[PDB]
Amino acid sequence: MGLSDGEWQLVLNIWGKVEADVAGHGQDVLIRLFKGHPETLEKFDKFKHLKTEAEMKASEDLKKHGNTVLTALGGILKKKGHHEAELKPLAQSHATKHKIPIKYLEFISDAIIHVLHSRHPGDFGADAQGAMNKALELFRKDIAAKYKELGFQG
């Protein structure tokens, strides 16, 4: 499931563009997720009134959470697969506290890739698309393994 040095470079190069506006990207990611898959929004009680993209875009609380999400994922990707320590706390909370079905991680992955297409069409070429998909697939695999280790079957 691993990535070559080349594939990681493609990943970290496009990620570098995300780093110019982590909160903006994070915001757009959660908007895509919540609009494409409303069942995910149901996990955030404090966002229940947010129904339209405009309402979501206007929420600084949602933007702040977007920042929190991509900051954590950024820490993980920069480790190039060597992300045990970063994944431990995240699997623990998401498996045992928030109880986020593993499927929803695939949805947020899709949403991340969508935002990258939206914001960086010049720089997010097909090689970088393939590599990002691989990187997110590794992330999902490793966390899904932790979920089961923790007894979370959702």
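Residue numbers run from 1 along the displayed sequence.
Between 95-103 and 120-128, it is 95-103 that carries the larger average Cα temperature factor according to the deposited entry. As recorded in the PDB entry, 34-42 is the stretch of 34-42 and 108-116 with the greater mean C-alpha temperature factor. Residue 58: CA B factor lies in the middle third for its chain, per the PDB record.
Ranked within its chain, residue 134 lands in the middle third, by CA B factor from the PDB record. The deposited CA B-factor of residue 140 belongs to the middle third of values across its chain. Ranked within its chain, residue 90 lands in the middle third, by CA B factor from the PDB record.
Compared with the other modelled residues of the chain, the Cα B-factor recorded for residue 27 ranks in the lowest third.
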